[PDB]
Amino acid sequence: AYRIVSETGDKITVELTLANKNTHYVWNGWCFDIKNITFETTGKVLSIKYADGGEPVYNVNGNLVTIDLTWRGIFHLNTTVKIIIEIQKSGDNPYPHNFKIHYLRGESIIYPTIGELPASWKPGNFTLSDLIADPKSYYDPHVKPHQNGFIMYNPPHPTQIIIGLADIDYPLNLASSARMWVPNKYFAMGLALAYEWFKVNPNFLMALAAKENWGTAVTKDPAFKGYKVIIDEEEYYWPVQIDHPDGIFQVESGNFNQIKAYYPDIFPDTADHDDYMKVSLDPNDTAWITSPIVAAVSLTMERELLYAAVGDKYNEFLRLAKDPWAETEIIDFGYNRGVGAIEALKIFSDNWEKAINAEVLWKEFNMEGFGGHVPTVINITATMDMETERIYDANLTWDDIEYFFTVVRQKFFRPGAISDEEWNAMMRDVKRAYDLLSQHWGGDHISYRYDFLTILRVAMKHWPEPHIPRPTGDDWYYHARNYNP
């Protein structure tokens, strides 16, 4: 909020008040991290100072003034900052106007729409038609191959989840061959939520787990001792280290600690690394659900950090790069070698031309990662994307769905984001949607492939908006302001 304090002589004095007025947690408003504040004037800036002493930094570019709050840019609950701006009147638009708070978060970040519930849908007594816009398309088994990498910009179907269980000819982790597989349906539901929530391609998370710890692939390579898995009367080895505390995505505790700090809206303060990541042979281990969501948030963090640092240049890079897998390569490299290692490449500054002209970015920039990480993950994602013959599907029962959302409620969001009443109303709608969708299959289950995205969308109609919160807080602030990739 802002106010003319006085206009006296040719001197215009304005007070700007910046605050987080929240006194208790609310969704997306627990902390605001301010990159800068802009405003316009044709007058001459005489001084910009804090009301309670000291002054921010500012610069003028034509009619555009940019205030940098430097050490004072972080706004926790109940925090107010008052700024006094003095202008010498001149020109045709001298009063400070068009104030914009710019958060430390790329304003142009692209989060694609995968699909949407029919516009006629409303909570409570919706009907089957309120769920399924176009039945012929909804149940169509024909698979359209695609080439999405990390982010699903061009989903092959708006309501179907297509995990391609392709045979892999690439030498995965030095095995002669592999086959992708989904260890259980609770894991599959976690992938689906990562997809619908953060727009991450399930095939990319599948590929990533396979490289990191064989989480999602088996092999006939007899060099590769592992658990025995029989799949339609053929013996495979599953070379996963299933009790590894970092899980099938190999997320370490330092990275977990950091994304917890960045995402108070996603992680409660109780969230613990081994509890969220460490799976086991038991399909009921809750980490089968939480760990693909954690991996998706970790990947999301890299993308969000890049956007926060380079703004509009990020989409310009996506438009211009000659390597169509460039973004996916950068994000996978950063996952394995860290965002410091991305930053050192200087793709978005010093080495821009070389980067956008590279036919294979990772070869030009030596961004393999350890153990052929980048080419492996990219090759497997591409192979899965092309798969049409063998697509994952599973029967989900009401108990499965109920269990899934209980775990989500236990492990994600913070108290105050969704009330008990809201959660209960959400679960009535989810159960009703399950009941209507089950009828197509004989009433005893719904389909993971055909129905589960619609179930998620019904649930998410009740989630706080916007569904993807900003990364925020003190650590994010200093890290993203000092990041120059």
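Residue positions are given as counts along the sequence shown, with the first one as 1.
- Stretch comparison (184-192 versus 111-119) by mean CA B-factor in the PDB entry places 111-119 on top.
- Relative to one another, 364-372 and 199-207 have unequal mean CA B-factors, and 364-372 is the one with the higher figure.
- Taking the deposited Cα B-factors for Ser349, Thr300, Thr216, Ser291, the highest one is held by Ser349.
- The entry assigns its greatest Cα B factor, within the set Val458, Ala51, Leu436, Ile34, to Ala51.
- In the PDB entry, a CA B factor belonging to the lowest third of its chain's modelled residues is recorded for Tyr448.
- The deposited CA B-factor of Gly473 belongs to the middle third of values across its chain.
- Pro245: CA B factor in the lowest third of modelled residues in this chain (values from the PDB entry).
- The PDB entry assigns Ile230 a C-alpha temperature factor belonging to the lowest third of its chain's modelled residues.
- Per the PDB record, residue ranking by Cα B-factor puts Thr454 in the lowest third of the chain.
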